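Data from work_19.csv: CSV, C-alpha atoms
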```csv
chain,number,residue,atom,x,y,z
A,231,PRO,CA,-143.2,5.0,-95.3
A,232,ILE,CA,-142.7,1.3,-95.9
A,233,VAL,CA,-141.7,0.6,-92.3
A,234,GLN,CA,-145.2,1.9,-91.6
A,235,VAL,CA,-148.3,0.0,-92.5
A,236,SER,CA,-146.6,-2.6,-94.8
A,237,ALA,CA,-146.5,-5.7,-92.6
A,238,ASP,CA,-147.1,-9.5,-92.9
A,239,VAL,CA,-149.8,-10.0,-90.4
A,240,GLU,CA,-153.2,-9.6,-92.1
A,241,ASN,CA,-156.5,-9.0,-90.5
A,242,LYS,CA,-159.9,-10.4,-91.6
A,243,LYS,CA,-160.9,-7.5,-93.8
A,244,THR,CA,-157.9,-7.5,-96.0
A,245,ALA,CA,-158.2,-11.3,-96.3
A,246,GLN,CA,-161.8,-10.9,-97.5
A,247,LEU,CA,-160.7,-8.4,-100.1
A,248,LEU,CA,-158.0,-10.7,-101.3
A,249,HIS,CA,-159.9,-14.0,-100.8
A,250,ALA,CA,-163.6,-14.2,-100.2
A,251,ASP,CA,-165.4,-17.4,-99.5
A,252,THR,CA,-167.2,-18.8,-102.5
A,253,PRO,CA,-170.8,-19.8,-101.8
A,254,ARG,CA,-171.8,-23.3,-103.0
A,255,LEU,CA,-174.8,-22.8,-105.2
A,256,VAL,CA,-175.3,-26.0,-107.2
A,257,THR,CA,-176.5,-28.9,-105.0
A,258,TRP,CA,-178.3,-32.0,-106.0
A,259,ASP,CA,-181.0,-34.0,-104.3
A,260,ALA,CA,-181.9,-37.6,-105.4
A,261,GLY,CA,-184.7,-38.3,-102.9
A,262,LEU,CA,-188.3,-37.1,-102.8
A,263,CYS,CA,-189.1,-33.4,-103.1
A,264,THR,CA,-191.3,-33.3,-100.0
A,265,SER,CA,-191.4,-31.8,-96.6
A,266,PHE,CA,-194.6,-33.2,-95.0
A,267,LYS,CA,-195.0,-36.7,-93.6
A,268,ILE,CA,-198.0,-38.6,-92.2
A,269,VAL,CA,-197.4,-40.2,-88.8
A,270,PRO,CA,-199.5,-42.7,-86.9
A,271,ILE,CA,-200.8,-41.3,-83.6
A,272,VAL,CA,-202.9,-44.2,-82.2
A,273,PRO,CA,-202.4,-47.8,-83.4
A,274,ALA,CA,-205.4,-49.3,-85.2
A,275,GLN,CA,-207.8,-51.5,-83.2
A,276,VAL,CA,-206.7,-54.9,-84.6
A,277,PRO,CA,-207.6,-57.6,-83.8
A,278,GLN,CA,-211.1,-56.8,-82.6
A,279,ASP,CA,-214.2,-58.8,-81.5
A,280,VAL,CA,-216.3,-57.6,-84.5
B,239,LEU,CA,-120.3,-25.9,-80.5
B,240,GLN,CA,-123.0,-26.0,-77.9
B,241,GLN,CA,-121.3,-23.5,-75.6
B,242,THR,CA,-120.1,-21.3,-78.4
B,243,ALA,CA,-123.1,-21.0,-80.7
B,244,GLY,CA,-125.9,-21.5,-78.1
B,245,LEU,CA,-127.2,-24.7,-79.6
B,246,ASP,CA,-130.4,-26.2,-78.3
B,247,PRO,CA,-129.4,-29.0,-75.9
B,248,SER,CA,-132.2,-31.2,-77.1
B,249,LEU,CA,-130.7,-31.4,-80.6
B,250,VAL,CA,-127.2,-31.9,-79.2
B,251,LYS,CA,-128.5,-35.0,-77.3
B,252,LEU,CA,-129.7,-36.4,-80.6
B,253,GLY,CA,-126.3,-35.9,-82.1
B,254,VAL,CA,-124.7,-37.6,-79.2
B,255,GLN,CA,-127.1,-40.5,-79.6
B,256,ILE,CA,-126.1,-40.8,-83.3
B,257,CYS,CA,-122.4,-40.8,-82.3
B,258,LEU,CA,-123.0,-43.5,-79.7
B,259,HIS,CA,-124.9,-45.7,-82.1
B,260,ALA,CA,-122.1,-45.3,-84.6
B,261,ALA,CA,-119.6,-46.4,-82.0
B,262,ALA,CA,-121.7,-49.4,-81.0
B,263,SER,CA,-121.8,-50.6,-84.7
B,264,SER,CA,-119.4,-52.8,-86.6
B,265,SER,CA,-117.6,-49.8,-88.3
B,266,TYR,CA,-117.8,-46.3,-87.1
B,267,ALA,CA,-116.8,-44.6,-90.3
B,268,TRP,CA,-119.1,-46.8,-92.5
B,269,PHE,CA,-122.0,-46.1,-90.1
B,270,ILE,CA,-121.4,-42.3,-90.3
B,271,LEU,CA,-121.1,-42.5,-94.0
B,272,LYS,CA,-124.4,-44.4,-94.4
B,273,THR,CA,-126.3,-42.1,-92.1
B,274,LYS,CA,-124.9,-38.7,-92.9
B,275,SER,CA,-128.2,-37.3,-94.2
B,276,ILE,CA,-130.7,-37.6,-91.3
B,277,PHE,CA,-130.5,-34.0,-90.2
B,278,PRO,CA,-130.9,-32.5,-93.7
B,279,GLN,CA,-133.6,-34.9,-94.9
B,280,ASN,CA,-135.6,-34.3,-91.7
B,281,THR,CA,-135.2,-30.6,-91.3
B,282,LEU,CA,-134.1,-28.8,-94.4
B,283,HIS,CA,-135.8,-30.9,-97.1
B,284,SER,CA,-139.1,-31.1,-95.2
B,285,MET,CA,-139.5,-27.5,-94.1
B,286,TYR,CA,-142.6,-25.2,-94.1
B,287,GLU,CA,-145.1,-27.9,-94.9
B,288,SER,CA,-147.8,-25.5,-93.7
B,289,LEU,CA,-146.8,-21.8,-94.2
B,290,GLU,CA,-148.3,-18.9,-92.3
B,291,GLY,CA,-146.2,-15.8,-93.1
B,292,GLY,CA,-142.8,-14.1,-93.2
B,293,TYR,CA,-140.7,-12.2,-95.7
B,294,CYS,CA,-139.0,-13.2,-98.9
B,295,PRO,CA,-136.5,-10.9,-100.6
B,296,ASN,CA,-137.3,-9.5,-104.0
B,297,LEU,CA,-134.3,-10.0,-106.3
B,298,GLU,CA,-134.0,-9.4,-110.0
B,299,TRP,CA,-131.7,-11.0,-112.6
B,300,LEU,CA,-130.6,-8.3,-115.0
B,301,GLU,CA,-129.1,-8.6,-118.5
B,302,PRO,CA,-126.8,-10.0,-119.6
B,303,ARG,CA,-127.4,-13.0,-117.3
B,304,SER,CA,-123.9,-14.0,-118.3
B,305,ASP,CA,-122.8,-11.1,-116.2
B,306,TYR,CA,-124.5,-12.5,-113.1
B,307,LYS,CA,-125.8,-9.0,-112.3
B,308,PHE,CA,-128.5,-9.1,-109.6
B,309,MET,CA,-130.1,-6.1,-107.9
B,310,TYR,CA,-132.0,-6.1,-104.7
B,311,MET,CA,-135.6,-4.7,-104.6
B,312,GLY,CA,-137.1,-5.4,-101.2
B,313,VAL,CA,-139.3,-7.8,-99.2
B,314,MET,CA,-142.5,-9.6,-100.3
B,315,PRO,CA,-144.9,-10.9,-97.6
B,316,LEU,CA,-145.3,-14.7,-97.8
B,317,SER,CA,-148.6,-16.6,-97.8
C,530,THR,CA,-169.5,15.5,-46.3
C,531,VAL,CA,-173.2,15.9,-45.6
C,532,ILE,CA,-174.3,16.2,-49.2
C,533,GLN,CA,-172.1,13.5,-50.8
C,534,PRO,CA,-173.8,10.4,-49.6
C,535,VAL,CA,-177.3,11.2,-50.9
C,536,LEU,CA,-176.0,12.1,-54.4
C,537,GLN,CA,-173.9,8.9,-54.5
C,538,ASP,CA,-176.7,6.7,-53.3
C,539,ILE,CA,-179.3,8.2,-55.7
C,540,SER,CA,-176.8,7.7,-58.6
C,541,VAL,CA,-176.4,4.1,-57.7
C,542,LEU,CA,-180.2,3.7,-57.4
C,543,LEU,CA,-180.7,5.1,-60.8
C,544,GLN,CA,-177.9,2.9,-62.2
C,545,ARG,CA,-179.6,-0.2,-60.7
C,546,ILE,CA,-183.1,0.6,-61.9
C,547,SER,CA,-182.8,2.0,-65.4
C,548,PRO,CA,-183.0,-0.3,-68.4
C,549,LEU,CA,-180.2,1.5,-70.1
C,550,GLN,CA,-177.0,-0.5,-70.5
C,551,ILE,CA,-173.7,1.3,-71.3
C,552,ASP,CA,-171.6,-0.7,-73.7
C,553,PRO,CA,-168.4,1.2,-74.8
C,554,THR,CA,-167.7,-1.6,-77.4
C,555,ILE,CA,-170.2,0.2,-79.6
C,556,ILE,CA,-167.7,2.9,-80.3
C,557,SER,CA,-165.0,0.4,-81.1
C,558,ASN,CA,-167.3,-1.5,-83.5
C,559,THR,CA,-168.4,1.7,-85.2
C,560,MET,CA,-164.8,2.8,-85.6
C,561,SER,CA,-163.9,-0.6,-87.0
C,562,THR,CA,-160.3,0.4,-87.1
C,563,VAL,CA,-157.4,-2.1,-86.9
C,564,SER,CA,-154.9,-0.1,-84.9
C,565,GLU,CA,-151.2,-0.9,-84.9
C,566,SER,CA,-148.6,0.9,-82.9
C,567,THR,CA,-145.8,1.2,-85.5
C,568,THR,CA,-147.1,4.6,-86.7
C,569,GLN,CA,-145.1,7.8,-86.2
C,570,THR,CA,-148.3,9.8,-87.2
C,571,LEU,CA,-151.6,9.0,-85.6
C,572,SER,CA,-154.8,8.5,-87.5
C,573,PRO,CA,-157.8,10.5,-86.1
C,574,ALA,CA,-159.7,7.3,-85.3
C,575,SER,CA,-156.9,5.9,-83.1
C,576,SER,CA,-156.5,9.3,-81.5
C,577,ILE,CA,-160.2,9.6,-80.5
C,578,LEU,CA,-160.3,6.0,-79.3
C,579,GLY,CA,-157.3,6.7,-77.1
D,978,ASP,CA,-171.3,-22.5,-96.3
D,979,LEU,CA,-169.6,-19.2,-95.6
D,980,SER,CA,-167.1,-18.4,-92.9
D,981,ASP,CA,-166.2,-14.8,-93.5
D,982,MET,CA,-168.2,-11.6,-93.0
D,983,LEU,CA,-171.6,-11.1,-94.5
D,984,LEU,CA,-173.9,-8.1,-94.0
D,985,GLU,CA,-171.6,-7.0,-91.1
D,986,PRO,CA,-171.0,-3.5,-92.6
D,987,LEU,CA,-174.8,-3.2,-92.4
D,988,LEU,CA,-175.2,-4.7,-88.9
D,989,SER,CA,-173.4,-1.6,-87.7
D,990,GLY,CA,-176.3,0.7,-86.7
D,991,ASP,CA,-180.0,0.5,-87.1
D,992,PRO,CA,-181.2,-1.9,-89.9
D,993,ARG,CA,-184.8,-0.6,-90.0
D,994,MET,CA,-184.1,2.1,-92.6
D,995,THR,CA,-181.2,0.7,-94.7
D,996,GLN,CA,-180.4,2.0,-98.1
D,997,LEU,CA,-177.5,1.9,-100.5
D,998,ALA,CA,-176.0,4.9,-102.3
D,999,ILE,CA,-172.8,6.7,-103.1
D,1000,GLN,CA,-171.8,10.2,-104.2
D,1001,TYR,CA,-168.8,12.4,-104.8
D,1002,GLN,CA,-168.5,16.2,-104.9
D,1003,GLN,CA,-166.3,18.6,-106.7
D,1004,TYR,CA,-164.6,21.7,-105.3
D,1005,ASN,CA,-167.1,24.0,-107.1
D,1006,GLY,CA,-170.0,22.3,-105.2
D,1007,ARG,CA,-171.3,20.0,-108.0
D,1008,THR,CA,-172.3,16.6,-106.7
D,1009,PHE,CA,-172.9,13.3,-108.5
D,1010,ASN,CA,-175.1,10.5,-107.1
D,1011,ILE,CA,-175.4,6.9,-107.9
D,1012,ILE,CA,-178.4,5.0,-106.7
D,1013,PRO,CA,-178.4,1.3,-107.8
D,1014,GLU,CA,-181.9,0.1,-108.5
D,1015,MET,CA,-182.3,-3.0,-106.4
D,1016,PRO,CA,-183.0,-6.1,-108.6
D,1017,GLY,CA,-185.2,-8.9,-107.6
D,1018,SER,CA,-184.5,-11.7,-105.1
D,1019,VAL,CA,-185.7,-15.3,-105.3
D,1020,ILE,CA,-185.2,-15.9,-101.6
D,1021,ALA,CA,-187.3,-13.0,-100.5
D,1022,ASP,CA,-190.1,-13.9,-103.0
D,1023,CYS,CA,-190.0,-17.5,-101.9
D,1024,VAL,CA,-190.1,-16.7,-98.2
D,1025,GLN,CA,-193.0,-14.4,-98.7
D,1026,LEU,CA,-194.7,-17.2,-100.6
D,1027,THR,CA,-194.2,-19.6,-97.8
```
Step by step, read the file and then write its structure as structure tokens.
Amino acid sequence: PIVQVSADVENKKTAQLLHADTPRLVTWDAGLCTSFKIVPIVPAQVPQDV
Amino acid sequence: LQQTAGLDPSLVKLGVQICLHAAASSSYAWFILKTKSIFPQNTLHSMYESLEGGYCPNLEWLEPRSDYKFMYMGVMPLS
Amino acid sequence: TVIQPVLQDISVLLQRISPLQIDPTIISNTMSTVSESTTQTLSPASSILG
Amino acid sequence: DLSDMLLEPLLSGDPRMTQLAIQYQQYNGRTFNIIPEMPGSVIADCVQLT
């Protein structure tokens, strides 16, 4: 039996069973907690004649 | 040795280079003595830096260890 | 000899007009078996795949 | 930040009616089921909120 399946080359599934990737949960942000910005579209009329 | 043990000619060329350098020095014997460890230090002592696989025998040291009694078990896949 | 060409041509026409696509890799994915030749006995999955 | 398989056992086949269960059955015909009651999920709630 041992000359059957027992072998060194390991596929992905057995690797996952033995070693699964660990997700990275804790992450920190030091900036501003925002996702919307205000952008100019047309430059202001300056200087003007009035 | 190259013709009898099937050595790689590339390594034999390096050995010949070492011999020639030894000859071109002030003292052949002194040079050989001072440089005797290039091949070990560069192949045996720096081997398997990144390992992929293979087999390693499973041996057991029985008691009394004074008796030097070892028994063979089998192979363990490497990692 | 007379009847063969029409059958063959109609078969090609259907093959070139139907939206169906035949992908044998679906069977391999569903089996999801990692075959290796060093087996005196054959597993049913390898047998059916062969 | 994952590299290995995720959801792949479920990507085999049709995902529109997925469910998780397991069972085993004795010789005399008695069967035992286990249906894990799905807990909550912050990601699903948050994506529905957005």
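What separates CA of residue 1020 in chain D from CA of residue 246 in chain A is a distance of 24.3 Å.
For chain A, the residues close to chain B, meaning within 12 Å and counting all atoms listed in the file, are residues 232, 233, 236, 237, 238, 239, 240, 245, 248 and 249 of chain A.
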Would you output that residue set with C-alpha atoms, as a PDB file, keeping the file's coordinate frame?
```
ATOM      1  CA  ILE A 232    -142.700   1.300 -95.900  1.00  0.00           C
ATOM      2  CA  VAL A 233    -141.700   0.600 -92.300  1.00  0.00           C
ATOM      3  CA  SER A 236    -146.600  -2.600 -94.800  1.00  0.00           C
ATOM      4  CA  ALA A 237    -146.500  -5.700 -92.600  1.00  0.00           C
ATOM      5  CA  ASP A 238    -147.100  -9.500 -92.900  1.00  0.00           C
ATOM      6  CA  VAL A 239    -149.800 -10.000 -90.400  1.00  0.00           C
ATOM      7  CA  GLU A 240    -153.200  -9.600 -92.100  1.00  0.00           C
ATOM      8  CA  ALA A 245    -158.200 -11.300 -96.300  1.00  0.00           C
ATOM      9  CA  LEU A 248    -158.000 -10.700-101.300  1.00  0.00           C
ATOM     10  CA  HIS A 249    -159.900 -14.000-100.800  1.00  0.00           C
TER      11      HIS A 249
END
```
Exercise. Would you mind listing what lies within 8 Å of range 981-996 of chain D as a PyMOL selection string, with only C-alpha atoms counted and same-chain residues fewer than 2 positions away left out?
Key: (chain A and resi 242+246+250-251) or (chain C and resi 558-559) or (chain D and resi 979+998)
Self-check item: chain C contacts on chain A, only C-alpha atoms, 9 Å, as a ChimeraX atom specification
Solution: /A:233-235,241
Please report as JSON lines every residue of chain C lying within 12 Å of chain D, along with the nearest atom pair and their distance in Å (one decimal), using only C-alpha atoms.
```
{"residue": "C:554", "atom": "CA", "partner": "D:989", "partner_atom": "CA", "distance": 11.8}
{"residue": "C:555", "atom": "CA", "partner": "D:989", "partner_atom": "CA", "distance": 8.9}
{"residue": "C:556", "atom": "CA", "partner": "D:989", "partner_atom": "CA", "distance": 10.4}
{"residue": "C:557", "atom": "CA", "partner": "D:989", "partner_atom": "CA", "distance": 10.9}
{"residue": "C:558", "atom": "CA", "partner": "D:989", "partner_atom": "CA", "distance": 7.4}
{"residue": "C:559", "atom": "CA", "partner": "D:989", "partner_atom": "CA", "distance": 6.5}
{"residue": "C:560", "atom": "CA", "partner": "D:989", "partner_atom": "CA", "distance": 9.9}
{"residue": "C:561", "atom": "CA", "partner": "D:986", "partner_atom": "CA", "distance": 9.5}
```
Exercise. Would you work out the distance separating CA of residue 999 in chain D from CA of residue 1011 in chain D, expressed in Å to one decimal?
Key: 5.5 Å
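The two atoms in question, CA of residue 980 in chain D and CA of residue 289 in chain B, are spaced 20.6 Å apart.
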